[PDB]
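Worksheet for the structure shown next.
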Amino acid sequence: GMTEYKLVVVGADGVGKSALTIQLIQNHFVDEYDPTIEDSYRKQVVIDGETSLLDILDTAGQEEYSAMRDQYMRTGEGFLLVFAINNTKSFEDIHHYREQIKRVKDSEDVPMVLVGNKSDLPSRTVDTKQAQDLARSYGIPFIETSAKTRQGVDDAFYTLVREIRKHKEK
Ligand SMILES: *[C@@H](CC(=O)O)C(=O)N1[C@@H]2CC[C@H]1CN(c1nc(OCC34CCCN3CCC4)nc3c(F)c(-c4cccc5cccc(C#C)c45)ncc13)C2
Ligand SMILES: Nc1nc2c(ncn2[C@@H]2O[C@H](COP(=O)(O)OP(=O)(O)O)[C@@H](O)[C@H]2O)c(=O)[nH]1
Ligand SMILES: [Mg+2]
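In the deposited numbering, the protein residues as written are 0 to 169.
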């Protein structure tokens with residue numbers, strides 16, 4: 000069989016959510032992608048030998064808190080918390096996005112992976128150990144990625160699928 004996974008990519012504007020998503024869907028780097036458009040994208044892959052359909056919601060748009068948007072976000076089975084390693088403010092915002100996921104999911108156990116993107120850039124301001132400590136505080140995996148080179152991209156999405164699998168087994 001194939002298993003479908005609804006993944007949601009969240010994080011501050013400009014961190015590479017769309018670039019990561021399009022790397023997964025299309026296997027190359029799209030540097031200027033519709034900064035204002037929120038869409039979902041589907042891709043069949045194979046993860047640990049299991050055919051997997053990834054349905055990826057690339058978030059964007061206005062900050063809105065409503066019953067309708069909560070219920071749409073609630074359909075995510077797992078979430079990528081993305082910041083950029085040259086952008087300390089995006090790192091500081093991670094806690095807010097995690098907070099919102101727990102609320103709409105109404106569970107302390109939501110599959111999540113912390114993603115530090117833009118690892119190809121030399122101007123690093125977020126130390127890998129600091130991001131690891133944040134991930135430890137949440138009990139989730141941390142993966143460094145470059146949507147530009149594709150390093151870490153499959154690991155980030157596939158690790159999230161493995162976290163969802165753990166959750167579904169309960
Ligand atoms: C900006 C587009 C542009 O103008 O260039 C854009 O696409 N954004 C911005 C950040 C991400 C994306 C969507 N909006 C947004 N911003 C959030 O936080 C922004 C800050 C900064 C000002 C105050 N605000 C609090 C600290 C950070 N947060 C969210 C947000 F939480 C959601 C959302 C809403 C309801 C439920 C949710 C459940 C799970 C996850 C998310 C997410 C993400 C939820 N939607 C947008 C958002 C501005
Ligand atoms: N060097 C580098 N640039 C990136 C990377 N990911 C995204 N970008 C650039 O960062 C900017 C924002 O990317 P985007 O995908 O729109 O982020 P989003 O707002 O979170 O959807 C764009 O100019 C991208 O070309 C990366 O891994 N490396
Ligand atoms: Mg985008």
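Ideal placement from N, C-alpha and C gives every residue a C-beta, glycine not left out.
Inset, instruction - Below 7 Å CB to CB, which residues in the same chain sit around residue 73 once its five sequence neighbours on both sides are set aside? - result: 103, 104
Inset, instruction - Check whether the segment 85-103 touches the segment 111-127, counting contact only when three or more Cβ pairs, one atom from each stretch, lie closer than 8 Å. - result: Between the segment 85-103 and the segment 111-127, the count of Cβ pairs shorter than 8 Å is three or higher; the stretches touch.
Legend entry - Spatial distance of residue 56 from residue 76 (CA atoms): 11 Å
Legend entry - Option nearest residue 24 by Cα separation, candidates 81, 161, 149: 149
Inset, instruction - Return helix, strand or coil for residue 149, following the three-state DSSP convention. - result: coil
Legend entry - Three-state secondary structure assigned by DSSP to residue 61: coil
Inset, instruction - Could you tell me whether any non-hydrogen atom of ligand 1 is closer than 7 Å to the CB of residue 81? - result: Not under cutoff, so the answer is no.
Legend entry - Buried or exposed by the 16-neighbour rule on C-beta atoms within 10 Å, applied to residue 110: Around the Cβ of residue 110, a 10 Å sphere holds 16 or more other Cβ atoms; the residue is buried.
Inset, instruction - Give, in chain order, every unbroken run of the alpha helix (DSSP H) that is at least 4 residues long and sits entirely within the segment 104-162. - result: 127-137
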